[PDB]
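Per PDB author numbering, the sequence shown runs over residues 6 to 25, 39 to 76, 92 to 220, 303 to 567, 579 to 608, 624 to 795, 807 to 1089, 1149 to 1330, 1422 to 1520. No residue lacks a Cβ here, since even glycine has one placed at the ideal position from N, Cα and C.
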Amino acid sequence: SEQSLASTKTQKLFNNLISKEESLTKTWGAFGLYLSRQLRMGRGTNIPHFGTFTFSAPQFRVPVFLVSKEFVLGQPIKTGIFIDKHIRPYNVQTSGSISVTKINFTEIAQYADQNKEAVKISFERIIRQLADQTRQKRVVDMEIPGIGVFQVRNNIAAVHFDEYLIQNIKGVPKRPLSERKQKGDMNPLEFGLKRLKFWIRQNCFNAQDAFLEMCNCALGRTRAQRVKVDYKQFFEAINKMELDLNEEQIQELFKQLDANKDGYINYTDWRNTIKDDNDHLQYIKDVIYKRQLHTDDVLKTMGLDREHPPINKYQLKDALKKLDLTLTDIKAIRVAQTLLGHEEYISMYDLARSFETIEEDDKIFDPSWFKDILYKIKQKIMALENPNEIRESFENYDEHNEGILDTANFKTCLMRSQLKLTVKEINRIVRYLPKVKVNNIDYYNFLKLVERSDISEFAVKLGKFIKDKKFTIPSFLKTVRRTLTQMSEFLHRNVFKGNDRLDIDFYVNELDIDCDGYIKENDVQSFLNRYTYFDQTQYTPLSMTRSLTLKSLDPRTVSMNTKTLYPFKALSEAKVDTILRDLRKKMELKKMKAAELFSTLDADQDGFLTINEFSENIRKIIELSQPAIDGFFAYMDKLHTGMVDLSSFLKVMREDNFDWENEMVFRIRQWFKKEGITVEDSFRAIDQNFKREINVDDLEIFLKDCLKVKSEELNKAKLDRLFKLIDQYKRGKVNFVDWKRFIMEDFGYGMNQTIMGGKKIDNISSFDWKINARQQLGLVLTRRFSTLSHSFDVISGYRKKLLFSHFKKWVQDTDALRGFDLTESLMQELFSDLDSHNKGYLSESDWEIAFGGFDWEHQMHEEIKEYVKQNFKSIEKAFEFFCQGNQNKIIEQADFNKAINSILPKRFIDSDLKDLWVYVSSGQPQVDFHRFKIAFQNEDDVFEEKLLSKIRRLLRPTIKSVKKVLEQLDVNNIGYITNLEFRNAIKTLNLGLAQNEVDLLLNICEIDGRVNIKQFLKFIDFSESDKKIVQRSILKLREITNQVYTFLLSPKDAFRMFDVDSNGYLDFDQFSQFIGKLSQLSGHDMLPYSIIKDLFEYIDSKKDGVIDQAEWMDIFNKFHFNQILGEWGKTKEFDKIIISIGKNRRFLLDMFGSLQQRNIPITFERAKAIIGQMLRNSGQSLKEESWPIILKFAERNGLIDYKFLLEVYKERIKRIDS
């Protein structure tokens, strides 16, 4: 144990610490070797202050270590012994005359290669340290090298010796000395100034005119040149000058104007304060001010936006000429020069600041009010109860689903929404939305902008990366090549530098549609064209054979299923009707028929419709948004197979499933739960003809009888479908392996490698009929063609694309789907399943990926070796059986062929057998064992339930009636019997029950100290399933017993004869020769192996591996006149009568010769009367019905030839005696 080693290292560490180890280690090892030697010697080892090692008292003797009373002073330590993981005390004070020697320190010294005194000192250190522990530890365990662990617990001590040592020393104390010896050898102012200037420019007054003007306003019409204005006159003027200035602005303006600070504004101060700036720049500024133009409107009028890069003088004058239509180029250049100053470029912020435009208030997210309103609309949208209400209203107002609405309708939808948008905000938004078709707006673009790292971004970036540098898809593939890993590395190094290579793999695994590990042109095409639908995995209809959603798990080689692109969401019926009405009226205007549209939509003329082709084609008639087209496409494809054919598109223009079969699979699995019978028994429960094969007849019988399925619901088609679902190996007949794997296999562990020939796909049931049909397809292809390329070419008819017509024609004239009976829709979905990229056609690579993993020769091989492994205990018994008893232990072609034909009838033809020989022998004319090995490598309630089941099994062959015995021990017919007579009755039944379980039955049936009978009989019986099993075996057994009677006379005599070893028990080999002899004599065929083993298990009711005389009788006792004949056969009276007949042979010789000499024929009556008289003379009486067995066989032509009977009886005795 680890604790013992830890304690030993603890002792060593303490010793090392005290010293501050090798000596002590070597000393302990040497002492252990010495103890091992002496224990092998059989001599006791007495060591002072330890105790003595000795063997136990007898008989064999177990080593026992006695602890000395001086091992620990003051604390009594008792002598104990270890047994059964436990340590028990020992109370033997005598050594049983076992000579005991003292410890030899010189021997231990020479073993340890150290000084004898040193070894003694170390060993004494060991004893003292052990004693100190035992004083301080209640529990002590210490190991001895080559002996075991010295264990202490609760003041009880013993040593856990080595088990191998114990077996070795067993029997030593009785052998001579030499053998022991051999065994033991181990060799404000600014604003006011602006307002005053604004007026001065407004009324076109210069300094003179403006001065005279406000002088007139403040002081009336005056003509004096020298006019001075004080603060009060200036204020009343401001009131009369409507400058909209408050008192503070007025005071600041007056203070600034009064340059001399004399309290009066003379004309000198006003020339000093304001200068004539008659420039068009101030004109434009005044225009912006009076019209109250916002900044962004002015910018867009000039042709520039907030994000426009800095502009030079040329773009500046162009924008200015855009702003003012009347301005000339020279004036615009002057204005641009003034604006720029000494800078080559003017920033747009500088331009806006200089223009003194109006900035919008309450900006939160972006200086542009357009993005501000977009963000506010967004926040309200996810603040809605339904964020999708706006798009629903937009679609409702779009009667044609064009995605396009005029200004009026888009306006109306804007007002009618809850967005709480003002009319001014609403009409401001529209003016900057792009206008398609003059007066129409695409609201999907608006929704995308308002809404505005994943698979979509990765696909878009990859597409742009491909497009920018002008590479076609094969050119891109070749450039990358200059597999998944290379693609990932190239993407990480050339495109997505900012993403981790792990994320690059995370995207490339989605780039691999076909999941073969290789990215071809089709993968890139599908990924670029239909990437948008990678997030509709929540809408696939879960056929519960396939469960849950599973992602790209970054497979090593173990791949997964496909949850990928499709437009699965569908429009509702009313809107589909509206769209159909519109499209049909446009077609009627076009005068273009339905089937004409159907052919026209099919661009590639393949007979089907795909989402890419439809989306690119239907838009050429009616403008439809992506959601509308996708939904109507989903509505058409009720099969959801990725294609829409002529018929379904007619029907939309104008099913069936497999839930029942898998549901029955679950129900059958549940019904197995209650039974408790084994897999072999439940397999026997179906095959009622012992045919080992559950054909359609056997399956339907089991279905309608047990499962109580209505006969109206069972037709050939679905029964064949269920049978094909069961049949793993597609053999048209279900053996033991087939049904066993049907019942046992788990759904979610990917055991379907055995089906798909090594290819693994997880979370897909092996029992899905799609995969079974694929397996049948692959096996037929491998059987009827050489190379998959050749098969692809011939099926495709030397074409590059395989259409649905070619495939259905080939399966029809090939009968490859016989037994599945798939309908047209089912064939369409199968062809869809074969198409991984949903292109509507299969390429050569598709064919190879779909069927490359199947090999009928290989499949043949693993099926054969699986059968061999399961049905033979070892490879040796197998090889011996296939040797057919050959004395050279080498299997020639004929022997192996015969073995294969017998073991698996009708599986193979001569060519298959020759191929088997070629495969197994590797071209050698003979096969040996090495080649064969290589080629073929309350709890009580359940306890009583088990015991009752065992007793029901054991009472099957007992001919004695339990009721009869129970009544015979019930004298008064009261119905209660006490324990003693119940025990005697159970013994009389001779059920071989051990005392513990008969006491268990006593506990079961104990009521007030008595056992009750009627309810006991009610409790133990035969179940319906057991009765059905029992009824099955008579007919085979009845004819076997018929042959035994006719040829082997009686079963008892045949049992005696074939018990060659004379142990009273038969193995399976003697039984094999039993059927061999019976078939040879009877002229019937050799019964093959599995029927033989099943009959052997039926006869062997004890499961002990052998058949005794009792079971041999009881099984054969089951087949009134014949019943009593079988009864008397098992009796001691039968053999006693034979012996009494045979002991007097000479008497019958003389008597029969005397009758013959008197010309008296020996008929039946005379012989029977004489034998009865002889039996009466010996005190034996015989029943009249039991005469024939004694006499019928020896009769020839109606006469009894005595010599034949006498000789066979003599042989009978000669066999019986031994």
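Starting from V402 and walking both ways along the alpha helix (DSSP H), at which residues does that stretch end? Residue 402 sits at position 287 when you count from the first residue of the sequence shown. From DSSP, the alpha helix (DSSP H) with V402 extends over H395 to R406.
In terms of residue numbering, what span does the beta strand (DSSP E) encompassing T63 cover? Position 45 of the sequence shown, counted from the start, is the residue given in the question as residue 63. That run of the beta strand (DSSP E) goes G62 to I65.
Assuming contact is defined by CB atoms lying nearer than 8 Å, are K111 and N188 in contact in what I supplied? Counting from 1 along the sequence shown, the entry for residue 111 is found at position 78. Counting from 1 along the sequence shown, the entry for residue 188 is found at position 155. Result yes, Cβ atoms of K111 and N188 sit closer than 8 Å.
Run through DSSP, which three-state label would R1221 get? Sequence index remark: in the sequence shown, residue 1221 carries index 1010 (1-based). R1221 sits in a strand when the DSSP states are folded into three classes.
Tell whether a beta-carbon distance below 8 Å holds between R58 and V205. Numbered from 1 along the sequence shown, position 40 holds the residue referred to as residue 58. Numbered from 1 along the sequence shown, position 172 holds the residue referred to as residue 205. In contact: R58 and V205 (Cβ atoms closer than 8 Å).
Which residue marks the beginning of the beta strand (DSSP E) containing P96, and which one marks its end? Here residue 96 refers to the residue found at position 63 of the sequence shown. Element bounds for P96: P96 to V100.
To which residues does DSSP link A191 through a beta bridge? The count along the sequence shown starts at 1 and reaches residue 191 at position 158. Looking at the DSSP assignment, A191 forms a beta bridge with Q184.
Looking only at DSSP bridge pairs, what is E504 linked to? Sequence index remark: in the sequence shown, residue 504 carries index 389 (1-based). Looking at the DSSP assignment, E504 forms no beta bridge with any residue, so it has no partner.
With DSSP collapsed to three states, give me the class of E475. In the sequence shown, counting from the first residue as 1, residue 475 sits at position 360. Three-state result, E475: coil.
Taking a contact to mean a Cβ-Cβ separation below 8 Å, would you say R1164 touches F972 in this structure? Position 953 of the sequence shown holds residue 1164. Position 820 of the sequence shown holds residue 972. No; because the gap between Cβ atoms is not below 8 Å, this pair is not in contact.
Where does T1433 fall in DSSP's three states? Here residue 1433 corresponds to residue number 1131 of the sequence shown, with the count starting at 1. Of the three classes helix, strand and coil, the one that applies to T1433 here is coil, per DSSP.
Helix, strand or coil: how does DSSP classify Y1187 here? For the purposes of this step, residue 1187 is taken as residue 976 along the sequence shown, with counting starting at 1. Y1187 falls in the strand class under three-state DSSP.
By alpha-carbon positions, which one of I762, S789, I763 and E764 ends up nearest to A775? As a working note, residue 775 is residue 634 in the sequence shown. Measuring from the Cα of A775, the nearest candidate turns out to be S789.
Can you tell me where the beta strand (DSSP E) with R883 in it begins and where it stops? Position 731 of the sequence shown holds residue 883. Neither: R883 is in no beta strand (DSSP E) and is coded neither H nor E.
From what residue to what residue does the alpha helix (DSSP H) around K17 run? One-based indexing of the sequence shown puts residue 17 at position 12. Unbroken alpha helix (DSSP H) run through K17: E7 to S24.
Looking at the secondary structure, which residues open and close the beta strand (DSSP E) in which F584 lies? Translated into positions along the sequence shown, residue 584 becomes position 458. Here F584 belongs to no beta strand (DSSP E); instead the alpha helix (DSSP H) covers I581 to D594.
Work out the CA separation of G884 and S688 for me, nearest whole Å. The residue labelled residue 688 in the question sits at position 547 within the sequence shown. The residue labelled residue 884 in the question sits at position 732 within the sequence shown. Spanning the two alpha carbons is a distance of roughly 29 Å.
In three-state terms, what does DSSP make of residue 5? Here the chain covers residues 6 to 1520 and nothing more, so residue 5 does not appear.
For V344 versus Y379, is the C-beta spacing smaller than 8 Å? Residue numbering aside, residue 344 sits at position 229 when the sequence shown is read from its first letter. Residue numbering aside, residue 379 sits at position 264 when the sequence shown is read from its first letter. Yes, these two residues count as a Cβ contact at 8 Å.
Straight-line gap, residue 801 to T598 (C-alpha atoms, nearest Å): Here the chain breaks off after 795 and picks up again at 807, leaving residue 801 without coordinates.
Leaving out the 5 sequence neighbours to the left and right, which residues in its chain are closer than 8 Å to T416 when beta-carbon positions are compared? Translated into positions along the sequence shown, residue 416 becomes position 301. Here the set comprises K437 and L438.
Alpha helix (DSSP H) runs contained entirely in the stretch 729-760, provided each spans 4 or more residues: 735-742 and 752-759
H119 - DSSP class collapsed to helix/strand/coil: Counted from its first residue, the sequence shown places residue 119 at position 86. Note: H119 maps to strand in three-state DSSP.
Going by Cα to Cα distance, which pick from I116, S1442 and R1447 is closest to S1483? Locating residue 1483 in the sequence shown gives position 1181, counting from the first residue. Nearest C-alpha to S1483: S1442.
Straight-line CA distance for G902 to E815? In the sequence shown, counting from the first residue as 1, residue 902 sits at position 750. In the sequence shown, counting from the first residue as 1, residue 815 sits at position 663. Distance between the alpha carbons of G902 and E815 is about 20 Å.
Can you tell me whether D174 is helix, strand or coil according to DSSP? Translated into positions along the sequence shown, residue 174 becomes position 141. Correct three-state label for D174: strand.
Given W962, which residues of its chain have a CB within under 8 Å of its CB, disregarding the five upstream and five downstream residues? Numbered from its first residue, the sequence shown carries residue 962 at position 810. Taken in chain order, the residues that qualify are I947 and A968.
With 16 as the cutoff for other CB atoms within 10 Å, does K991 come out buried or exposed? Within the sequence shown, numbered from 1, the residue matching residue 991 stands at position 839. By the 10 Å Cβ count, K991 comes out buried.
What whole-angstrom Cβ distance do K1229 and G1186 have, given they're in contact under 8 Å? Position 1018 of the sequence shown, counted from the first residue, corresponds to residue 1229. Position 975 of the sequence shown, counted from the first residue, corresponds to residue 1186. Rounded, the Cβ-Cβ distance is 12 Å, inconsistent with contact.
Hey, out of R546, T43 and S508, whose CA is closest to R531's CA? Locating residue 531 in the sequence shown gives position 416, counting from the first residue. Answer by Cα proximity: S508.
According to DSSP, which residues form a beta bridge with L1427? Position 1125 of the sequence shown holds residue 1427. Beta-bridge pairing by DSSP links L1427 to no other residue.
Using C-beta distances below 7 Å, list every residue in its chain close to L866, excluding the 5 sequence neighbours before and after it, in chain order. On the sequence shown, residue 866 is found 714 positions in, with the first residue counted as 1. Hits under 7 Å: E852, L855 and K856.
How about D174 and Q184: are their beta carbons less than 8 Å apart? As a first step, residue 174 is located in the sequence shown; it is residue number 141 there, counting from the start. As a first step, residue 184 is located in the sequence shown; it is residue number 151 there, counting from the start. Contact: yes.
Just the C-alpha distance for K952 and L871, rounded to the nearest angstrom, thanks. Within the sequence shown, the letter at position 800 stands for residue 952. Within the sequence shown, the letter at position 719 stands for residue 871. Going by the C-alpha atoms only, they are around 38 Å apart.
Cβ-based burial, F480 [other Cβ within 10 Å; buried from 16]: Within the sequence shown, the letter at position 365 stands for residue 480. Exposed: under 16 other Cβ atoms inside 10 Å.
Endpoints, beta strand (DSSP E) assigned at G900: For the purposes of this step, residue 900 is taken as residue 748 along the sequence shown, with counting starting at 1. Where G900 is concerned, there is no enclosing beta strand (DSSP E), given that its DSSP letter is neither H nor E.
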